[PDB]
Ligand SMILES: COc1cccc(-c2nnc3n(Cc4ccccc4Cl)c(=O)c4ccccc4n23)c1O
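For reference, the chain that follows is the form deposited without this ligand, supplied as structure tokens.
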């Protein structure tokens, strides 16, 4: 993911591609004119083309292109299918997990002493730099990094173009001390894990000139490790089963549909993934896209087979004149058959922020297969961005949690929006985090980007924007404050 430059301007991007690039050279950057948006800058026939990428929280929408779950997936697609030939690599270490910009020597040592373990390392500014590594069962070693004529070195040997290149080299080739100590750079220092009681202090330091952005962009740089196979969703027979062509379930976590019509060559596919905390069917989730008219039967087959008793719908059926999800439930008191599944809508209960629908699901032909499915439909989420206060979402997640908990042997909770990655990802992450505080008390350890990285290894692009990332912190804070 080196083609992503987090701090360059449109002008710097232009001069970078014209002087250091060639025809086919490209890079991507956060937009300066529109904060929260992105630009893909491509060099074609001696000139630079700037392509807008918009993300309001549901997906990356390339102007004159397609819709994608991540920026790395967008790039992989155009590099394997305006030509994107050569990534123009970024040397700026700001989004590295190990880089701590302006951190003092005293602060670095206490961080490695209180939070470190064998192989824990960080890099701080001294225009020189310091590499600090902890070794043992223990001691901290400091390695000076000289910057001489735009190149970096540890006072001998190779001279690197960037700090990333130097760190990568000494990770594969560890430095050995005179008396035999191997300075192993096993993992970056974990500085994101906080005690749940200390959330207000972290939210305060992240809100200062913001820190939320640096933490979120360091998380985004790591998405290139999550380019897992999505082959089943690419099969010809499964193409019209996807709301967005390029937003596909990972094959290793996808919901596999069994007992399908024997006359149907392919009846095992749904654009849905199992999401397991720390990767029990109960405390599990199914993140899925909003139903298409041709996937409504597959959706009820999925709900039935998984023994799900609770559905969370986080979108209105229609938003900004566009279909986000088709009505997959009957009108109040009506009974509908969706293929071999039968659904009765028993009652509809309206609250301020959401609607609750009591649905009775069963298989046609078998009376004793009947179970109540509780559908919680959040209706107040803004068309763009996140709510200004997390109170509404928290009361909703509390209700959903109590329903799931009261049901013996309940299957995973089904969570869906439009693409089933943005709002869906945000609801699932908040709910994982809150469940840790429920089970272990306010005196517990939480790590927001670790939790998101784990959920993202099970479905592409879970939690889409920095606004959602910030919302997760604000929701966890509010839960703890009212505790």
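Numbering follows the first chain given and starts at 1.
Form solved in complex with this ligand: not shown, discussed below.
The single contact residue among 113, 207, 307, 76, judged by any heavy atom lying within 4.5 Å of this ligand in the bound PDB entry, is 76. The single contact residue among 352, 81, 172, 347, judged by any heavy atom lying within 4.5 Å of this ligand in the bound PDB entry, is 81. This ligand in the bound PDB entry is not approached by residue 369, whose heavy atoms all lie more than 4.5 angstroms from it.
For the chain shown alone, residue 230 is a contact residue for this ligand in the bound PDB entry, at least one non-hydrogen atom being within 4.5 angstroms. In the bound PDB entry, at least one heavy atom of residue 248 sits within 4.5 Å of a heavy atom of this ligand. Although the partner is absent here, residue 181 is not a contact residue: none of its heavy atoms lies within 4.5 angstroms of this ligand in the bound PDB entry.
From the list 267 to 275, 230 to 238, 322 to 330, 358 to 366, the contact stretch for this ligand in the bound PDB entry under a 4.5 Å heavy atom rule is 230 to 238.
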